[PDB]
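Down below is the structure, laid out as structure tokens.
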Amino acid sequence: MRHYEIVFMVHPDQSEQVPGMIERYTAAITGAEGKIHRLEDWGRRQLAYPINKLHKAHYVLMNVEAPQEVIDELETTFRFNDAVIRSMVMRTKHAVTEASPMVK
Amino acid sequence: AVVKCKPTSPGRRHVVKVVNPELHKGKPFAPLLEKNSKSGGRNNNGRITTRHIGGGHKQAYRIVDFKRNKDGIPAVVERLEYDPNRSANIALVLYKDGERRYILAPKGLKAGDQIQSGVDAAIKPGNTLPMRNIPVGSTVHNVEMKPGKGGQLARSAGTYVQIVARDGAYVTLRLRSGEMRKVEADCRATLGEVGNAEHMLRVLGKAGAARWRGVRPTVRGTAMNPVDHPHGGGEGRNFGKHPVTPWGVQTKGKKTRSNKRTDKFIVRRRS
Amino acid sequence: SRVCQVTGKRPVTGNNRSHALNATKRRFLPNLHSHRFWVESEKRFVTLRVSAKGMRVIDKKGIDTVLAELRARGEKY
Amino acid sequence: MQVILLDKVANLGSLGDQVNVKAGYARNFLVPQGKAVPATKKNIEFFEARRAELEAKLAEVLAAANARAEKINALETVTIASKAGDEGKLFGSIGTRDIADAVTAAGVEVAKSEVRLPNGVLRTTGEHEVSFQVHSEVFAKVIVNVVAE
RNA sequence: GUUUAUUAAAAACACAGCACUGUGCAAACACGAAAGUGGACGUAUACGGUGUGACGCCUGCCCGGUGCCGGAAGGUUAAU
Ligand SMILES: [Mg+2]
Ligand SMILES: [Mg+2]
Ligand SMILES: [Mg+2]
Ligand SMILES: [Mg+2]
Ligand SMILES: [Mg+2]
Ligand SMILES: [Mg+2]
Ligand SMILES: [Mg+2]
Ligand SMILES: [Mg+2]
Ligand SMILES: [Mg+2]
Ligand SMILES: [Mg+2]
Ligand SMILES: [Mg+2]
Ligand SMILES: [Mg+2]
Ligand SMILES: [Mg+2]
Ligand SMILES: [Mg+2]
Ligand SMILES: [Mg+2]
Ligand SMILES: [Mg+2]
Ligand SMILES: [Mg+2]
């Protein structure tokens, strides 16, 4: 449908709940007959600057080929969850599959 | 939709109606009605306590759910109705088990939507959940002051209250007057602004339209004799004195709040 | 009625005397307070609309002595 | 307010002590909780000849009634299957009485006034610790696991 | 539209509108020694008070005096 690139930033004390969040989000996409192309946890990572009075965050990259209606449902899940701090969804021209330069 | 009336007569020259075509064009729901007898502003002593109240059209009282206790059970909105008792429109809702109740209609609510109270309710305009479950920075109305007491804040036609902070047991509110007040974090609140936001755009147009609403005319104090009012008297128009009440209390500027019980709950006054 | 149940105090009338000795009639109200007293024998609380003088009497005589007097007076509590 | 004590109170005296207190402290707290008797000379001869050691017998059987009950509360798990949201974020909180309801169901028949909590809400879904005040002095702790329903 | 029943119907009062100000709810306020009641089974798009008086164009300068609001360092100052 519409290729999106989703990266979100988890509160680092909620790093344990991260694979529980990813499986729900994949089941949101694949349950809505969307594709998921790569899915790359980046772990805890030192922030460039302290967002929200704290210095580290847990990064997750996720590439998604879903219809635009369920992504807008997915964005509200990032908005009201307090575990995720920042979320960025970026529309992509195609489906990307190659590993990240920092997964390397 | 505001409708300017065409000037076919003076008294219709300046009338702006507020026409909402979504209101129910029928009788209200009969089990939820009860008698609302008029008072004339007179207490059990028969004396006029508050002036200028009297007359007006007969009004039946609509029992409105402010406590909003049916948790978990979803409810669909049957129709929107006119309420003479208040400035905001009310919504007749139908729970799944067959109970009908009246709530205050929020802004974007229309006939056929689903609402639901309780803690596990979603966050859409219409749900009612305790403010430790509502995210900080959202606009809510029908706000309780005490848990389970019923909603008391932001009930008039276009009002709302923002939730600006939370420190454990309390949330800090931005009331519609601009006053910052602490409320316990277990008090219920209803999401979204309350509905009839264009209520303040009406203009009654003629003197009789205030008598329809039971507002008797106000004689201004300087038009009296000195036995009647402190402002009264004079040979011509004389007002050489500071503006007071009919009981001699300064009005232009003098504060009157004397509640030392609730001063711990007020963060900042209105500006 | 502003009457202490223990001591029988009552609003008396007197005068406000000014500096120019102008007399206007006033009242002297007793310092009444509703207080729950633990009766240890009957194992319950008893509310008495009692003045602060009467609370000093209950602290001296004991609540059992005073409630004997209130029944001997014939007063509900 | 001269008063004789029926139990040791943490800042003024032990059993059998005639210590000046304020009037509101005896009249509202000490006497209505059975902790003190006002020092009437009829009550002193009532107390000092007989109950200076008779109540010392009754004070030991109270601490022995605790030390039997407090000792067996080392099972150190309380599974409260309350409703919760996902990834933490408990639906409905657990207060002191709900903790008291479940330690009743496993161990001592305990009351709601025995539970001591730093938060009180226990909003975090997972395991927690709960301190006790089964005596005025002798305290117990039980690890409590709040479990999603 | 209202008004001096019985010498004054008017330019007087009222009025829709406008503004100032008070008022977070056990509201301000009012009647009540009090309990209570009205405001209101309303909740700041609400309510009370005050001035002005549809609408159109507008509403300038003065805070010294008198009020009101805010201030709390100093001076003064009651019972105790
Ligand atoms: Mg009025
Ligand atoms: Mg007016
Ligand atoms: Mg007038
Ligand atoms: Mg005149
Ligand atoms: Mg006068
Ligand atoms: Mg003149
Ligand atoms: Mg002049
Ligand atoms: Mg005289
Ligand atoms: Mg005429
Ligand atoms: Mg005449
Ligand atoms: Mg005539
Ligand atoms: Mg009242
Ligand atoms: Mg005029
Ligand atoms: Mg001017
Ligand atoms: Mg000035
Ligand atoms: Mg000045
Ligand atoms: Mg001042």
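Going by the structure tokens order, chains are called A, B, ..., each with residues numbered from 1, while ligands are numbered from 1 in the order shown.
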Kindly assemble as CSV a list of the chain B residues that lie within 6 Å of ligand 3, each paired with its nearest atom pair and their distance in Å to one decimal, using only C-alpha atoms and all ligand atoms, sorted first by chain and then by ascending residue number.
```
residue,atom,partner,partner_atom_place_in_ligand_line,distance
B:218,CA,ligand 3,1 (Mg),4.5
B:219,CA,ligand 3,1 (Mg),4.2
B:220,CA,ligand 3,1 (Mg),4.7
```
Skipping near chain neighbours, those fewer than 3 positions away, what residues fall within 12 Å of residue 119 in chain B using only C-alpha atoms (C1' of nucleotides), listed as JSON, numbers by chain? {"B": [68, 69, 70, 71, 72, 73, 116, 122, 123, 127, 128, 129, 130, 131, 132, 133, 134, 186, 187, 188, 189, 190], "D": [83, 84, 85, 89, 90, 91, 92, 93]}
At a cut-off of 8 Å around ligand 4, and using only C-alpha atoms (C1' of nucleotides) and all ligand atoms, what residues come up? Please write them as a PDB file with C-alpha atoms (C1' of nucleotides), in the first residue's frame.
```pdb
ATOM      1  CA  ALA B 223     -32.655  55.910  39.900  1.00  0.00           C
ATOM      2  CA  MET B 224     -33.997  55.546  43.426  1.00  0.00           C
ATOM      3  CA  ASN B 225     -34.560  57.550  46.573  1.00  0.00           C
ATOM      4  CA  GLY B 232     -30.429  56.983  45.367  1.00  0.00           C
ATOM      5  CA  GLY B 233     -31.366  60.615  45.598  1.00  0.00           C
TER       6      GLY B 233
ATOM      7  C1'   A E  12     -38.658  59.928  34.010  1.00  0.00           C
TER       8        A E  12
END
```
Give me, as a ChimeraX atom specification, the residues of chain A touching chain B, with the criterion being at most 12 Å (counting only C-alpha atoms). /A:76-77,79-82
Cut-off 12 Å, only C-alpha atoms (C1' of nucleotides) and all ligand atoms, neighbours of ligand 7 as a list in words: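 If we count only C-alpha atoms (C1' of nucleotides) and all ligand atoms, the neighbours of ligand 7 turn out to be residues 234, 235, 236, 237, 238, 239, 240 and 241 of chain B.
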Name the residues of range 28-253 of chain B that come out as strand (DSSP E) in a backbone DSSP run; write them as a PyMOL selection string. chain B and resi 33-35+60-62+74-81+90-95+100-104+114-116+128-130+139-141+143-144+151-153+161-167+170-174+180-184+188-191
Could the residues in this selection be written to a file with C-alpha atoms, as a compact mmCIF listing (two decimals), in the first residue's frame?
```txt
# COMPACT_ATOMS: atom_id res chain seq x y z
CA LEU B 33 -38.52 14.04 33.77
CA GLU B 34 -39.73 15.52 37.02
CA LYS B 35 -41.39 18.70 38.19
CA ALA B 60 -39.68 20.48 33.32
CA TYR B 61 -36.54 19.16 34.98
CA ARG B 62 -34.36 16.65 33.16
CA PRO B 74 -20.96 0.77 26.47
CA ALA B 75 -23.74 3.12 25.46
CA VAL B 76 -24.87 4.40 22.09
CA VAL B 77 -26.21 7.93 21.70
CA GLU B 78 -29.84 7.92 20.66
CA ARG B 79 -30.63 11.59 20.03
CA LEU B 80 -29.69 15.08 21.15
CA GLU B 81 -32.31 17.11 22.97
CA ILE B 90 -28.18 17.05 26.57
CA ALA B 91 -27.79 13.64 24.99
CA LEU B 92 -30.11 10.68 25.48
CA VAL B 93 -27.89 7.61 25.64
CA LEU B 94 -28.84 3.93 25.58
CA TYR B 95 -26.74 1.37 27.42
CA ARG B 100 -31.48 5.17 29.19
CA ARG B 101 -29.84 8.21 30.77
CA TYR B 102 -29.11 11.85 29.98
CA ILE B 103 -25.58 13.20 29.82
CA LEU B 104 -24.26 16.58 28.81
CA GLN B 114 -20.74 5.02 21.29
CA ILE B 115 -19.65 6.29 24.69
CA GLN B 116 -18.41 4.37 27.69
CA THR B 128 -15.65 9.38 31.46
CA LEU B 129 -12.64 8.07 33.41
CA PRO B 130 -10.71 9.16 36.58
CA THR B 139 -9.36 19.19 27.59
CA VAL B 140 -12.06 17.63 29.76
CA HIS B 141 -15.39 18.79 31.13
CA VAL B 143 -15.29 17.47 36.22
CA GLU B 144 -15.88 16.17 39.73
CA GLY B 151 -19.41 16.51 37.94
CA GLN B 152 -19.43 20.15 38.97
CA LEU B 153 -16.82 21.93 36.84
CA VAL B 161 -10.97 22.44 31.68
CA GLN B 162 -7.38 21.48 30.85
CA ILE B 163 -5.33 19.09 32.97
CA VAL B 164 -1.96 20.77 33.35
CA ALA B 165 -0.07 18.66 35.91
CA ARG B 166 -0.16 15.72 38.31
CA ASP B 167 1.80 15.05 41.51
CA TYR B 170 -3.61 15.43 42.94
CA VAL B 171 -3.98 16.83 39.47
CA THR B 172 -3.74 20.53 38.76
CA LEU B 173 -6.47 22.01 36.59
CA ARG B 174 -6.79 25.14 34.50
CA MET B 180 -5.56 27.00 38.82
CA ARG B 181 -7.11 24.47 41.19
CA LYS B 182 -5.95 21.18 42.69
CA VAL B 183 -8.38 18.26 42.45
CA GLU B 184 -7.79 14.69 43.64
CA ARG B 188 -14.10 11.60 37.15
CA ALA B 189 -13.97 13.83 34.10
CA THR B 190 -15.52 13.62 30.65
CA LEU B 191 -13.36 14.03 27.55
```
Considering only C-alpha atoms (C1' of nucleotides), return as an MDAnalysis selection string whatever protein or nucleic-acid residues lie within 12 Å of residue 29 in chain E, sequence-local ones (same chain, fewer than 2 positions apart) excluded. (chainID B and resid 49:51 245:247 249 251 256:257) or (chainID E and resid 22:23 27 31 38:39 47:49)
Taking only C-alpha atoms into account and nothing else, which residues of chain A lie no more than 8 Å away from chain D? Please answer as a ChimeraX atom specification. /A:17,20-21
Just the residues within 12 Å of residue 74 in chain A, please, counting only C-alpha atoms (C1' of nucleotides), with nothing from its chain fewer than 6 positions along; format it as a ChimeraX atom specification. /A:4,6,8,21-22,24-29,32,64,66-68,80-81,87-89
Go ahead and save the residues from that selection, with N, CA, C and O atoms, as a PDB file, in the first residue's frame.
```pdb
ATOM      1  N   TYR A   4       5.781   2.916   4.781  1.00  0.00           N
ATOM      2  CA  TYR A   4       6.139   3.818   5.859  1.00  0.00           C
ATOM      3  C   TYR A   4       7.372   3.294   6.570  1.00  0.00           C
ATOM      4  O   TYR A   4       7.624   2.089   6.603  1.00  0.00           O
ATOM      5  N   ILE A   6       8.964   3.566  10.330  1.00  0.00           N
ATOM      6  CA  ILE A   6       8.581   3.948  11.677  1.00  0.00           C
ATOM      7  C   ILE A   6       9.767   3.719  12.589  1.00  0.00           C
ATOM      8  O   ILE A   6      10.321   2.615  12.637  1.00  0.00           O
ATOM      9  N   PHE A   8      10.690   4.594  16.722  1.00  0.00           N
ATOM     10  CA  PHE A   8      10.210   5.144  17.972  1.00  0.00           C
ATOM     11  C   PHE A   8      11.252   4.959  19.061  1.00  0.00           C
ATOM     12  O   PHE A   8      12.151   4.124  18.965  1.00  0.00           O
ATOM     13  N   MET A  21       5.996  -4.868  23.056  1.00  0.00           N
ATOM     14  CA  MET A  21       5.383  -3.832  22.235  1.00  0.00           C
ATOM     15  C   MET A  21       5.514  -4.146  20.755  1.00  0.00           C
ATOM     16  O   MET A  21       4.599  -3.860  19.976  1.00  0.00           O
ATOM     17  N   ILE A  22       6.646  -4.726  20.362  1.00  0.00           N
ATOM     18  CA  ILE A  22       6.930  -4.959  18.951  1.00  0.00           C
ATOM     19  C   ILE A  22       6.000  -6.019  18.384  1.00  0.00           C
ATOM     20  O   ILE A  22       5.498  -5.889  17.259  1.00  0.00           O
ATOM     21  N   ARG A  24       2.964  -6.763  19.385  1.00  0.00           N
ATOM     22  CA  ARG A  24       1.633  -6.201  19.197  1.00  0.00           C
ATOM     23  C   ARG A  24       1.580  -5.338  17.950  1.00  0.00           C
ATOM     24  O   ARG A  24       0.574  -5.332  17.231  1.00  0.00           O
ATOM     25  N   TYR A  25       2.655  -4.600  17.685  1.00  0.00           N
ATOM     26  CA  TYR A  25       2.665  -3.686  16.552  1.00  0.00           C
ATOM     27  C   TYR A  25       2.763  -4.453  15.248  1.00  0.00           C
ATOM     28  O   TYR A  25       2.145  -4.072  14.250  1.00  0.00           O
ATOM     29  N   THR A  26       3.528  -5.542  15.243  1.00  0.00           N
ATOM     30  CA  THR A  26       3.583  -6.407  14.073  1.00  0.00           C
ATOM     31  C   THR A  26       2.242  -7.090  13.846  1.00  0.00           C
ATOM     32  O   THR A  26       1.776  -7.200  12.705  1.00  0.00           O
ATOM     33  N   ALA A  27       1.589  -7.516  14.928  1.00  0.00           N
ATOM     34  CA  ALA A  27       0.255  -8.089  14.818  1.00  0.00           C
ATOM     35  C   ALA A  27      -0.792  -7.043  14.483  1.00  0.00           C
ATOM     36  O   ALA A  27      -1.868  -7.398  13.993  1.00  0.00           O
ATOM     37  N   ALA A  28      -0.516  -5.769  14.749  1.00  0.00           N
ATOM     38  CA  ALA A  28      -1.390  -4.725  14.236  1.00  0.00           C
ATOM     39  C   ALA A  28      -1.244  -4.592  12.729  1.00  0.00           C
ATOM     40  O   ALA A  28      -2.237  -4.439  12.012  1.00  0.00           O
ATOM     41  N   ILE A  29      -0.013  -4.677  12.230  1.00  0.00           N
ATOM     42  CA  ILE A  29       0.232  -4.499  10.805  1.00  0.00           C
ATOM     43  C   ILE A  29      -0.170  -5.740  10.026  1.00  0.00           C
ATOM     44  O   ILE A  29      -0.956  -5.665   9.075  1.00  0.00           O
ATOM     45  N   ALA A  32      -3.736  -6.388   9.945  1.00  0.00           N
ATOM     46  CA  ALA A  32      -4.381  -5.556   8.944  1.00  0.00           C
ATOM     47  C   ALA A  32      -3.869  -5.838   7.540  1.00  0.00           C
ATOM     48  O   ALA A  32      -4.005  -4.976   6.663  1.00  0.00           O
ATOM     49  N   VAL A  64       7.315  -0.781   7.267  1.00  0.00           N
ATOM     50  CA  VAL A  64       5.937  -1.252   7.249  1.00  0.00           C
ATOM     51  C   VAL A  64       5.336  -0.914   5.893  1.00  0.00           C
ATOM     52  O   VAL A  64       5.545   0.186   5.374  1.00  0.00           O
ATOM     53  N   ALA A  66       1.667  -0.875   4.982  1.00  0.00           N
ATOM     54  CA  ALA A  66       0.299  -1.005   5.456  1.00  0.00           C
ATOM     55  C   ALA A  66      -0.574   0.041   4.785  1.00  0.00           C
ATOM     56  O   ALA A  66      -0.062   1.026   4.248  1.00  0.00           O
ATOM     57  N   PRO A  67      -1.895  -0.149   4.776  1.00  0.00           N
ATOM     58  CA  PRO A  67      -2.778   0.962   4.416  1.00  0.00           C
ATOM     59  C   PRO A  67      -2.725   2.058   5.464  1.00  0.00           C
ATOM     60  O   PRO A  67      -2.457   1.810   6.642  1.00  0.00           O
ATOM     61  N   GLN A  68      -2.998   3.284   5.018  1.00  0.00           N
ATOM     62  CA  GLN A  68      -2.759   4.468   5.835  1.00  0.00           C
ATOM     63  C   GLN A  68      -3.715   4.587   7.013  1.00  0.00           C
ATOM     64  O   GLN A  68      -3.447   5.370   7.928  1.00  0.00           O
ATOM     65  N   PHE A  80      -0.371   8.032  23.285  1.00  0.00           N
ATOM     66  CA  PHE A  80      -0.867   7.860  24.638  1.00  0.00           C
ATOM     67  C   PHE A  80      -0.024   6.912  25.472  1.00  0.00           C
ATOM     68  O   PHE A  80      -0.152   6.917  26.700  1.00  0.00           O
ATOM     69  N   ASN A  81       0.829   6.106  24.851  1.00  0.00           N
ATOM     70  CA  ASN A  81       1.767   5.311  25.626  1.00  0.00           C
ATOM     71  C   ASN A  81       2.850   6.221  26.179  1.00  0.00           C
ATOM     72  O   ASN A  81       3.378   7.081  25.472  1.00  0.00           O
ATOM     73  N   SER A  87       8.254   9.379  18.647  1.00  0.00           N
ATOM     74  CA  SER A  87       7.925   8.486  17.555  1.00  0.00           C
ATOM     75  C   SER A  87       8.012   9.275  16.267  1.00  0.00           C
ATOM     76  O   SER A  87       7.571  10.424  16.208  1.00  0.00           O
ATOM     77  N   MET A  88       8.593   8.664  15.246  1.00  0.00           N
ATOM     78  CA  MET A  88       8.724   9.320  13.954  1.00  0.00           C
ATOM     79  C   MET A  88       8.303   8.330  12.887  1.00  0.00           C
ATOM     80  O   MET A  88       8.859   7.234  12.800  1.00  0.00           O
ATOM     81  N   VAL A  89       7.316   8.706  12.094  1.00  0.00           N
ATOM     82  CA  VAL A  89       6.880   7.908  10.963  1.00  0.00           C
ATOM     83  C   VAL A  89       7.231   8.658   9.686  1.00  0.00           C
ATOM     84  O   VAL A  89       6.941   9.852   9.549  1.00  0.00           O
TER      85      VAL A  89
END
```
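Neighbouring residues of ligand 9 at a cut-off of 12 Å, counting only C-alpha atoms (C1' of nucleotides) and all ligand atoms, are residues 1, 2, 9 and 10 of chain E.
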Writing out the chosen residues with C-alpha atoms (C1' of nucleotides) as a PDB file, in the first residue's frame:
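Result written to part19.pdb:
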```
ATOM      1  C1'   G E   1     -43.928  48.430  26.869  1.00  0.00           C
ATOM      2  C1'   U E   2     -43.746  51.118  32.679  1.00  0.00           C
ATOM      3  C1'   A E   9     -47.782  59.454  31.182  1.00  0.00           C
ATOM      4  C1'   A E  10     -43.183  62.591  30.296  1.00  0.00           C
TER       5        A E  10
END
```
With DSSP run on the backbone, what are the alpha helix (DSSP H) residues within range 31-70 of chain C? I'd like them as a PyMOL selection string. chain C and resi 52-61+63-70
Please produce a file of the residues just selected, as a CSV table (one decimal), in the first residue's frame, where the atoms kept are C-alpha atoms.
```csv
chain,number,residue,atom,x,y,z
C,52,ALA,CA,-15.2,24.0,77.7
C,53,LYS,CA,-15.8,24.4,81.5
C,54,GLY,CA,-17.8,21.2,81.4
C,55,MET,CA,-15.0,19.3,79.7
C,56,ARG,CA,-12.8,20.3,82.6
C,57,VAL,CA,-15.5,18.9,84.9
C,58,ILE,CA,-15.5,15.6,82.9
C,59,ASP,CA,-11.7,15.4,83.2
C,60,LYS,CA,-12.1,15.8,87.0
C,61,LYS,CA,-15.2,13.9,87.9
C,63,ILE,CA,-17.6,10.6,82.5
C,64,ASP,CA,-19.3,7.9,84.6
C,65,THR,CA,-20.0,10.4,87.4
C,66,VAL,CA,-21.4,13.0,85.0
C,67,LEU,CA,-23.7,10.7,83.1
C,68,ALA,CA,-25.0,9.5,86.5
C,69,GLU,CA,-26.0,13.1,87.1
C,70,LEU,CA,-27.6,13.6,83.7
```
Residue neighbourhood residue 1 in chain B, 12 Å, only C-alpha atoms (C1' of nucleotides), exclusion window fewer than 4 positions, as a list in words: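 What passes the distance filter is residues 16, 17, 18, 19, 20, 21, 22, 196, 197, 198, 199, 200, 201 and 202 of chain B.
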Identify every residue of chain C that has at least one atom within 9 Å of any atom of chain D, counting only C-alpha atoms, and report the result as a PDB file with N, CA and C atoms, in the first residue's frame.
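As written to disk, iface_1.pdb reads:
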```pdb
ATOM      1  N   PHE C  37     -17.381  11.594  73.777  1.00  0.00           N
ATOM      2  CA  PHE C  37     -16.693  11.100  74.955  1.00  0.00           C
ATOM      3  C   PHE C  37     -16.747   9.584  74.981  1.00  0.00           C
ATOM      4  N   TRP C  38     -15.584   8.956  75.109  1.00  0.00           N
ATOM      5  CA  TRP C  38     -15.509   7.507  75.214  1.00  0.00           C
ATOM      6  C   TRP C  38     -15.939   7.087  76.608  1.00  0.00           C
ATOM      7  N   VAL C  39     -17.049   6.374  76.690  1.00  0.00           N
ATOM      8  CA  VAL C  39     -17.465   5.741  77.929  1.00  0.00           C
ATOM      9  C   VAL C  39     -16.842   4.360  77.954  1.00  0.00           C
ATOM     10  N   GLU C  40     -15.940   4.126  78.905  1.00  0.00           N
ATOM     11  CA  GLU C  40     -15.218   2.862  78.919  1.00  0.00           C
ATOM     12  C   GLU C  40     -16.099   1.721  79.403  1.00  0.00           C
ATOM     13  N   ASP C  59     -13.102  15.884  82.915  1.00  0.00           N
ATOM     14  CA  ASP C  59     -11.741  15.442  83.176  1.00  0.00           C
ATOM     15  C   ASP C  59     -11.460  15.283  84.661  1.00  0.00           C
TER      16      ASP C  59
END
```
Taking only C-alpha atoms (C1' of nucleotides) and all ligand atoms into account, which residues are within 12 Å of ligand 16, as an NGL selection string? :E and (62-65)
From the set E:26, E:8, E:18, E:33, which residue has the shortest atom-to-atom contact distance to chain C, counting only C-alpha atoms (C1' of nucleotides)? E:33
Record the distance separating CA of residue 112 in chain D and CA of residue 96 in chain D, expressed in Å with one decimal.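 Value for the CA of residue 112 in chain D-CA of residue 96 in chain D distance: 5.8 Å.
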Neighbours of ligand 10 within 10 Å, counting only C-alpha atoms (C1' of nucleotides) and all ligand atoms, as a list in words?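 Selection of residues at most 10 Å from ligand 10: residues 3, 4, 5, 6, 7, 8 and 9 of chain E.
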Ligand 5: which residues are within 7 Å, counting only C-alpha atoms (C1' of nucleotides) and all ligand atoms? Reply as a ChimeraX atom specification. /B:226-227,229-230
My list of candidates is E:19, E:24, E:50, E:74. Which is closest to ligand 1 when distances are computed with only C-alpha atoms (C1' of nucleotides) and all ligand atoms?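 The closest residue to ligand 1 is E:50.
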